[PDB]
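To be precise, the following lines are structure-v5.txt, and they hold compact mmCIF, N, CA and C atoms and all ligand atoms.
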```txt
# COMPACT_ATOMS: atom_id res chain seq x y z
N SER N 1 -107.29 155.79 181.68
CA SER N 1 -106.54 156.90 181.06
C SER N 1 -105.65 157.58 182.10
N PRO N 2 -104.42 157.95 181.71
CA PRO N 2 -103.45 158.59 182.61
C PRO N 2 -103.84 160.02 182.98
N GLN N 3 -104.86 160.14 183.82
CA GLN N 3 -105.29 161.43 184.32
C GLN N 3 -104.46 161.84 185.52
N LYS N 4 -104.36 163.14 185.76
CA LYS N 4 -103.63 163.65 186.92
C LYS N 4 -104.61 164.06 188.02
N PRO N 5 -104.90 163.16 188.96
CA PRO N 5 -105.77 163.45 190.10
C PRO N 5 -105.01 164.09 191.24
N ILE N 6 -105.71 164.80 192.11
CA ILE N 6 -105.06 165.49 193.22
C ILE N 6 -105.87 165.42 194.50
N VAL N 7 -105.17 165.51 195.61
CA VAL N 7 -105.77 165.60 196.93
C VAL N 7 -105.13 166.76 197.69
N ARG N 8 -105.98 167.64 198.20
CA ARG N 8 -105.54 168.86 198.85
C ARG N 8 -105.45 168.66 200.35
N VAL N 9 -104.29 168.97 200.90
CA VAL N 9 -104.07 168.83 202.33
C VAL N 9 -103.99 170.19 203.01
N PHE N 10 -104.82 170.41 204.01
CA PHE N 10 -104.75 171.64 204.79
C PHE N 10 -103.57 171.57 205.77
N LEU N 11 -102.47 172.25 205.44
CA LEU N 11 -101.31 172.32 206.33
C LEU N 11 -101.65 173.00 207.65
N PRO N 12 -100.80 172.79 208.67
CA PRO N 12 -100.83 173.55 209.92
C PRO N 12 -100.89 175.05 209.66
N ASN N 13 -101.46 175.79 210.61
CA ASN N 13 -101.66 177.24 210.48
C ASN N 13 -102.75 177.54 209.45
N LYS N 14 -103.56 176.53 209.15
CA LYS N 14 -104.74 176.69 208.29
C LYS N 14 -104.36 177.01 206.85
N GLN N 15 -103.27 176.42 206.37
CA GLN N 15 -102.86 176.56 204.98
C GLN N 15 -103.40 175.38 204.20
N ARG N 16 -103.23 175.38 202.90
CA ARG N 16 -103.65 174.24 202.12
C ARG N 16 -102.76 174.02 200.91
N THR N 17 -102.31 172.78 200.79
CA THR N 17 -101.49 172.35 199.68
C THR N 17 -102.31 171.45 198.77
N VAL N 18 -101.71 171.04 197.67
CA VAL N 18 -102.31 170.05 196.80
C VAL N 18 -101.23 169.13 196.28
N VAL N 19 -101.46 167.85 196.42
CA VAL N 19 -100.55 166.85 195.89
C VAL N 19 -101.31 165.90 194.98
N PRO N 20 -100.72 165.54 193.83
CA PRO N 20 -101.28 164.49 192.98
C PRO N 20 -101.48 163.22 193.78
N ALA N 21 -102.56 162.50 193.50
CA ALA N 21 -102.83 161.25 194.19
C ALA N 21 -101.78 160.22 193.82
N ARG N 22 -100.67 160.30 194.51
CA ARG N 22 -99.51 159.49 194.23
C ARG N 22 -99.78 158.02 194.53
N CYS N 23 -99.84 157.22 193.48
CA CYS N 23 -100.11 155.80 193.61
C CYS N 23 -98.86 155.06 194.08
N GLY N 24 -99.03 154.20 195.07
CA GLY N 24 -97.89 153.51 195.65
C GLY N 24 -97.10 154.42 196.55
N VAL N 25 -97.73 155.51 196.96
CA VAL N 25 -97.10 156.50 197.82
C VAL N 25 -97.89 156.68 199.10
N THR N 26 -97.18 156.68 200.21
CA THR N 26 -97.79 156.88 201.49
C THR N 26 -97.96 158.37 201.78
N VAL N 27 -98.92 158.70 202.65
CA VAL N 27 -99.15 160.07 203.05
C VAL N 27 -97.84 160.78 203.36
N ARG N 28 -96.99 160.12 204.14
CA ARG N 28 -95.74 160.72 204.61
C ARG N 28 -94.93 161.36 203.49
N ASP N 29 -94.81 160.70 202.35
CA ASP N 29 -93.98 161.21 201.26
C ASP N 29 -94.67 162.40 200.62
N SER N 30 -95.92 162.18 200.28
CA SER N 30 -96.70 163.15 199.55
C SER N 30 -96.83 164.44 200.34
N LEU N 31 -97.24 164.31 201.58
CA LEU N 31 -97.47 165.48 202.37
C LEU N 31 -96.24 165.94 203.15
N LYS N 32 -95.13 165.18 203.15
CA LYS N 32 -93.90 165.76 203.72
C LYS N 32 -93.44 166.87 202.79
N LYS N 33 -93.72 166.68 201.50
CA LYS N 33 -93.57 167.76 200.55
C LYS N 33 -94.53 168.89 200.92
N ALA N 34 -95.77 168.51 201.24
CA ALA N 34 -96.78 169.47 201.67
C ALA N 34 -96.27 170.39 202.78
N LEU N 35 -95.69 169.80 203.83
CA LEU N 35 -95.09 170.60 204.91
C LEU N 35 -94.00 171.51 204.36
N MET N 36 -93.07 170.92 203.62
CA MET N 36 -91.90 171.63 203.10
C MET N 36 -92.28 172.78 202.18
N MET N 37 -93.45 172.69 201.55
CA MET N 37 -93.91 173.74 200.65
C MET N 37 -94.40 174.95 201.43
N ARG N 38 -94.68 174.74 202.70
CA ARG N 38 -94.98 175.82 203.62
C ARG N 38 -93.72 176.24 204.36
N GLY N 39 -92.76 175.33 204.38
CA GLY N 39 -91.54 175.54 205.12
C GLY N 39 -91.54 174.76 206.42
N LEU N 40 -92.52 173.88 206.55
CA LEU N 40 -92.71 173.10 207.76
C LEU N 40 -92.10 171.71 207.62
N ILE N 41 -92.16 170.93 208.68
CA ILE N 41 -91.61 169.59 208.70
C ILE N 41 -92.64 168.58 209.20
N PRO N 42 -92.61 167.36 208.65
CA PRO N 42 -93.60 166.32 208.94
C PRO N 42 -93.45 165.70 210.33
N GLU N 43 -92.42 166.11 211.06
CA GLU N 43 -92.14 165.54 212.37
C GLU N 43 -93.21 165.90 213.39
N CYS N 44 -93.54 167.18 213.47
CA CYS N 44 -94.39 167.69 214.54
C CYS N 44 -95.86 167.80 214.13
N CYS N 45 -96.24 167.14 213.05
CA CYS N 45 -97.62 167.19 212.58
C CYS N 45 -98.29 165.84 212.65
N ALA N 46 -99.62 165.86 212.64
CA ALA N 46 -100.41 164.67 212.48
C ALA N 46 -101.37 164.85 211.32
N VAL N 47 -101.79 163.76 210.71
CA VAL N 47 -102.69 163.84 209.58
C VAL N 47 -104.02 163.18 209.88
N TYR N 48 -105.07 163.95 209.77
CA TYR N 48 -106.42 163.45 209.93
C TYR N 48 -107.39 164.36 209.18
N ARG N 49 -108.46 163.80 208.65
CA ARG N 49 -109.35 164.54 207.77
C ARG N 49 -110.72 164.73 208.40
N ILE N 50 -111.27 165.93 208.28
CA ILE N 50 -112.57 166.21 208.86
C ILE N 50 -113.68 165.73 207.96
N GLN N 51 -114.51 164.88 208.53
CA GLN N 51 -115.68 164.38 207.84
C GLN N 51 -116.89 165.17 208.33
N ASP N 52 -118.05 164.52 208.34
CA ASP N 52 -119.30 165.13 208.81
C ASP N 52 -119.18 165.74 210.20
N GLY N 53 -118.64 166.95 210.27
CA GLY N 53 -118.46 167.63 211.54
C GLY N 53 -117.55 166.87 212.49
N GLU N 54 -116.86 165.86 211.97
CA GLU N 54 -116.05 165.00 212.81
C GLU N 54 -114.66 164.84 212.22
N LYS N 55 -113.85 164.04 212.87
CA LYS N 55 -112.49 163.81 212.42
C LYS N 55 -112.25 162.33 212.14
N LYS N 56 -111.72 162.04 210.98
CA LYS N 56 -111.29 160.69 210.62
C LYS N 56 -109.77 160.67 210.56
N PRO N 57 -109.11 160.22 211.63
CA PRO N 57 -107.66 160.21 211.69
C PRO N 57 -107.03 159.22 210.72
N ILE N 58 -106.25 159.74 209.80
CA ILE N 58 -105.57 158.94 208.81
C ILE N 58 -104.20 158.52 209.33
N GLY N 59 -103.61 157.53 208.69
CA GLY N 59 -102.29 157.09 209.06
C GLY N 59 -101.24 157.69 208.15
N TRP N 60 -100.07 157.98 208.70
CA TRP N 60 -98.97 158.53 207.91
C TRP N 60 -98.48 157.48 206.90
N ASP N 61 -98.86 156.23 207.14
CA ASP N 61 -98.49 155.12 206.26
C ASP N 61 -99.64 154.77 205.32
N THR N 62 -100.70 155.55 205.37
CA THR N 62 -101.84 155.36 204.49
C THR N 62 -101.47 155.73 203.05
N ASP N 63 -101.89 154.92 202.10
CA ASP N 63 -101.65 155.20 200.69
C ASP N 63 -102.50 156.40 200.26
N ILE N 64 -101.84 157.48 199.87
CA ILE N 64 -102.52 158.75 199.62
C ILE N 64 -103.39 158.70 198.36
N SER N 65 -103.11 157.77 197.47
CA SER N 65 -103.82 157.69 196.20
C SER N 65 -105.27 157.22 196.40
N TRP N 66 -105.60 156.83 197.63
CA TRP N 66 -106.97 156.46 197.98
C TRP N 66 -107.76 157.68 198.50
N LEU N 67 -107.03 158.73 198.86
CA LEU N 67 -107.61 159.93 199.47
C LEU N 67 -107.78 161.03 198.45
N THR N 68 -107.63 160.62 197.22
CA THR N 68 -107.78 161.49 196.06
C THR N 68 -109.08 162.29 196.07
N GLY N 69 -108.99 163.56 195.67
CA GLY N 69 -110.16 164.39 195.52
C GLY N 69 -110.77 164.79 196.84
N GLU N 70 -110.19 164.29 197.92
CA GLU N 70 -110.70 164.56 199.25
C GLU N 70 -109.69 165.36 200.04
N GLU N 71 -110.14 166.42 200.69
CA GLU N 71 -109.23 167.32 201.38
C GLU N 71 -108.90 166.80 202.76
N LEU N 72 -107.63 166.88 203.09
CA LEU N 72 -107.12 166.36 204.33
C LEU N 72 -106.73 167.50 205.27
N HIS N 73 -106.48 167.18 206.53
CA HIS N 73 -106.00 168.17 207.49
C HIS N 73 -104.74 167.68 208.18
N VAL N 74 -103.77 168.56 208.27
CA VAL N 74 -102.55 168.29 209.01
C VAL N 74 -102.47 169.24 210.19
N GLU N 75 -102.51 168.66 211.37
CA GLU N 75 -102.60 169.44 212.59
C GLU N 75 -101.40 169.16 213.47
N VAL N 76 -100.80 170.22 213.99
CA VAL N 76 -99.59 170.11 214.79
C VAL N 76 -99.84 169.33 216.07
N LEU N 77 -98.99 168.35 216.33
CA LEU N 77 -99.10 167.54 217.51
C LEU N 77 -98.48 168.25 218.71
N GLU N 78 -99.26 169.11 219.33
CA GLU N 78 -98.82 169.82 220.51
C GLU N 78 -99.41 169.18 221.76
N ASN N 79 -98.53 168.63 222.60
CA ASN N 79 -98.92 167.99 223.86
C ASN N 79 -99.98 166.93 223.63
N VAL N 80 -99.77 166.18 222.55
CA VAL N 80 -100.65 165.09 222.16
C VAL N 80 -102.13 165.51 222.12
N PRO N 81 -102.58 166.05 220.99
CA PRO N 81 -103.99 166.39 220.79
C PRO N 81 -104.83 165.16 220.46
N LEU N 82 -105.98 165.05 221.09
CA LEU N 82 -106.88 163.93 220.85
C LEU N 82 -108.02 164.36 219.94
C1 LIG C 101 -98.88 175.17 200.10
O1 LIG C 101 -98.13 174.18 199.39
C2 LIG C 101 -98.66 173.92 198.15
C3 LIG C 101 -99.80 174.59 197.68
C4 LIG C 101 -100.30 174.30 196.41
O2 LIG C 101 -101.45 174.86 195.92
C5 LIG C 101 -102.03 175.79 196.85
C6 LIG C 101 -99.65 173.37 195.58
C7 LIG C 101 -100.13 173.07 194.30
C8 LIG C 101 -101.18 173.89 193.54
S1 LIG C 101 -101.77 173.25 192.02
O3 LIG C 101 -102.74 174.26 191.36
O4 LIG C 101 -100.59 172.99 191.07
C9 LIG C 101 -102.64 171.68 192.36
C10 LIG C 101 -103.16 171.15 191.19
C11 LIG C 101 -102.54 170.06 190.60
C12 LIG C 101 -103.14 169.42 189.51
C13 LIG C 101 -104.36 169.90 189.02
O5 LIG C 101 -105.03 169.31 187.99
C14 LIG C 101 -104.31 168.19 187.47
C15 LIG C 101 -104.97 170.99 189.61
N1 LIG C 101 -106.13 171.38 189.10
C16 LIG C 101 -106.89 172.53 189.62
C17 LIG C 101 -106.09 173.80 189.34
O6 LIG C 101 -105.36 173.81 188.33
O7 LIG C 101 -106.23 174.75 190.14
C18 LIG C 101 -104.38 171.63 190.70
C19 LIG C 101 -98.53 172.71 196.06
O8 LIG C 101 -97.98 171.77 195.23
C20 LIG C 101 -96.82 171.15 195.83
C21 LIG C 101 -98.03 172.98 197.34
```
Please render this file's structure as structure tokens.
Amino acid sequence: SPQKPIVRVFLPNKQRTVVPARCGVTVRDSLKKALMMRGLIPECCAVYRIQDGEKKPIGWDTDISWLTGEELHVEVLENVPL
């Protein structure tokens, strides 16, 4: 059934957006909107999601429709954060 699923991304500065689980869409497209909805840009950010007290670094080329229902984190790449 054509349901509208969503995945919420925590933007930089501890904000949070929500994007539909865009099928055939990479993180970059979906969450570049996410940045722009805060007024930010996808250039200076990285995308990785916090799991069990840990971090699972996602790829900007990752298909976002697999990350549905799961909240992501976008963290500013300042001086290459590990
Ligand atoms: C900060 O930048 C953004 C922040 C947003 O939010 C904080 C939204 C979007 C909010 S939203 O409410 O439209 C998400 C959304 C979509 C579909 C849903 O069901 C199908 C539901 N269901 C739960 C509910 O209705 O609350 C929620 C944003 O969108 C581009 C950008």
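Residues in contact with ligand LIG 101 (chain C) comprise residues 4, 5, 6, 15, 16, 17, 18, 19, 20, 33, 34, 37 and 38 of chain N, where contact means an atom-to-atom distance of at most 7 Å counting only C-alpha atoms and all ligand atoms.
You will find CA of residue 43 (chain N) at 17.0 Å from CA of residue 72 (chain N).
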Skip residue 71 (chain N) itself and residues of its chain fewer than 3 positions away, then list as a list in words all residues within 6 Å of it, counting only N, CA and C atoms. residues 7, 8, 9, 10 and 49 of chain N
Per-residue DSSP, region 11-54 of chain N, filtered to helix (DSSP H, G or I), as a PyMOL selection string: chain N and resi 12-14+27-38+42-44
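Atom pair atom N of residue 53 (chain N) / atom N of residue 13 (chain N): separated by 19.3 Å.
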CA of residue 1 (chain N) and CA of residue 60 (chain N), how far apart in Å?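 Separation of CA of residue 60 (chain N) and CA of residue 1 (chain N): 27.9 Å.
With distances taken over only N, CA and C atoms, N:21 is the one residue among N:21, N:80, N:30, N:35 lying closest to residue 67 (chain N).
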Can you list, as a ChimeraX atom specification, every protein, DNA or RNA residue that comes within 6 Å of residue 44 (chain N) when you count only N, CA and C atoms, leaving out same-chain residues fewer than 5 positions away? /N:75-77
Point out the residue among N:45, N:52, N:2, N:58 with the least atom-to-atom distance to residue 32 (chain N), counting only C-alpha atoms. N:45
DSSP-assigned strand (DSSP E) members of chain N, reported as a ChimeraX atom specification: /N:6-10,17-20,45-50,55-57,72-76
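For the residues N:64, N:36, N:74, N:25, ranking by smallest atom-to-atom distance to residue 50 (chain N) using all atoms listed in the file places N:74 first.
Of the residues under consideration (N:59, N:12, N:69, N:24), N:59 shows the shortest atom-to-atom contact distance to residue 47 (chain N) when counting only C-alpha atoms.
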Go through N:56, N:81, N:14, N:61 and flag the residue nearest residue 29 (chain N), using only N, CA and C atoms for the distances. N:61
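Nearest-residue note for residue 11 (chain N): choosing from N:68, N:73, N:28, N:79, the minimum distance belongs to N:73, counting all atoms listed in the file.
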Once N, CA, C and O atoms are restored for region 32-56 of chain N, what would the output be as a CSV table (one decimal), keeping the file's coordinate frame?
```csv
chain,number,residue,atom,x,y,z
N,32,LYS,N,-95.1,165.2,203.2
N,32,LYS,CA,-93.9,165.8,203.7
N,32,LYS,C,-93.4,166.9,202.8
N,32,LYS,O,-92.9,167.9,203.2
N,33,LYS,N,-93.7,166.7,201.5
N,33,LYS,CA,-93.6,167.8,200.6
N,33,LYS,C,-94.5,168.9,200.9
N,33,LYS,O,-94.2,170.1,200.9
N,34,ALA,N,-95.8,168.5,201.2
N,34,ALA,CA,-96.8,169.5,201.7
N,34,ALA,C,-96.3,170.4,202.8
N,34,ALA,O,-96.4,171.6,202.7
N,35,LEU,N,-95.7,169.8,203.8
N,35,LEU,CA,-95.1,170.6,204.9
N,35,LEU,C,-94.0,171.5,204.4
N,35,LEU,O,-94.0,172.7,204.6
N,36,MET,N,-93.1,170.9,203.6
N,36,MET,CA,-91.9,171.6,203.1
N,36,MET,C,-92.3,172.8,202.2
N,36,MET,O,-91.5,173.8,202.0
N,37,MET,N,-93.4,172.7,201.6
N,37,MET,CA,-93.9,173.7,200.6
N,37,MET,C,-94.4,175.0,201.4
N,37,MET,O,-94.5,176.0,200.9
N,38,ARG,N,-94.7,174.7,202.7
N,38,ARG,CA,-95.0,175.8,203.6
N,38,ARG,C,-93.7,176.2,204.4
N,38,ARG,O,-93.6,177.3,204.9
N,39,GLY,N,-92.8,175.3,204.4
N,39,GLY,CA,-91.5,175.5,205.1
N,39,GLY,C,-91.5,174.8,206.4
N,39,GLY,O,-90.7,175.0,207.3
N,40,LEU,N,-92.5,173.9,206.6
N,40,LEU,CA,-92.7,173.1,207.8
N,40,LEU,C,-92.1,171.7,207.6
N,40,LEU,O,-91.6,171.4,206.6
N,41,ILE,N,-92.2,170.9,208.7
N,41,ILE,CA,-91.6,169.6,208.7
N,41,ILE,C,-92.6,168.6,209.2
N,41,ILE,O,-93.4,168.9,210.1
N,42,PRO,N,-92.6,167.4,208.6
N,42,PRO,CA,-93.6,166.3,208.9
N,42,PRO,C,-93.4,165.7,210.3
N,42,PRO,O,-94.3,164.9,210.7
N,43,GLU,N,-92.4,166.1,211.1
N,43,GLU,CA,-92.1,165.5,212.4
N,43,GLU,C,-93.2,165.9,213.4
N,43,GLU,O,-93.8,165.0,214.1
N,44,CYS,N,-93.5,167.2,213.5
N,44,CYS,CA,-94.4,167.7,214.5
N,44,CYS,C,-95.9,167.8,214.1
N,44,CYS,O,-96.6,168.5,214.8
N,45,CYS,N,-96.2,167.1,213.0
N,45,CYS,CA,-97.6,167.2,212.6
N,45,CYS,C,-98.3,165.8,212.6
N,45,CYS,O,-97.6,164.8,212.7
N,46,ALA,N,-99.6,165.9,212.6
N,46,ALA,CA,-100.4,164.7,212.5
N,46,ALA,C,-101.4,164.8,211.3
N,46,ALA,O,-101.7,166.0,211.0
N,47,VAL,N,-101.8,163.8,210.7
N,47,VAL,CA,-102.7,163.8,209.6
N,47,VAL,C,-104.0,163.2,209.9
N,47,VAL,O,-104.1,162.0,210.2
N,48,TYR,N,-105.1,164.0,209.8
N,48,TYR,CA,-106.4,163.4,209.9
N,48,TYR,C,-107.4,164.4,209.2
N,48,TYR,O,-107.2,165.6,209.0
N,49,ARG,N,-108.5,163.8,208.6
N,49,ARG,CA,-109.4,164.5,207.8
N,49,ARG,C,-110.7,164.7,208.4
N,49,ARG,O,-111.3,163.8,209.0
N,50,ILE,N,-111.3,165.9,208.3
N,50,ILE,CA,-112.6,166.2,208.9
N,50,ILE,C,-113.7,165.7,208.0
N,50,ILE,O,-113.8,166.1,206.8
N,51,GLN,N,-114.5,164.9,208.5
N,51,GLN,CA,-115.7,164.4,207.8
N,51,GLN,C,-116.9,165.2,208.3
N,51,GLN,O,-116.8,166.3,208.7
N,52,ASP,N,-118.0,164.5,208.3
N,52,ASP,CA,-119.3,165.1,208.8
N,52,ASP,C,-119.2,165.7,210.2
N,52,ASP,O,-119.5,165.1,211.2
N,53,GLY,N,-118.6,167.0,210.3
N,53,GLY,CA,-118.5,167.6,211.5
N,53,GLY,C,-117.6,166.9,212.5
N,53,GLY,O,-117.5,167.2,213.7
N,54,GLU,N,-116.9,165.9,212.0
N,54,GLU,CA,-116.0,165.0,212.8
N,54,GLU,C,-114.7,164.8,212.2
N,54,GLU,O,-114.4,165.4,211.2
N,55,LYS,N,-113.8,164.0,212.9
N,55,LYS,CA,-112.5,163.8,212.4
N,55,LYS,C,-112.2,162.3,212.1
N,55,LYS,O,-112.6,161.5,213.0
N,56,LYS,N,-111.7,162.0,211.0
N,56,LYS,CA,-111.3,160.7,210.6
N,56,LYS,C,-109.8,160.7,210.6
N,56,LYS,O,-109.2,161.1,209.6
```
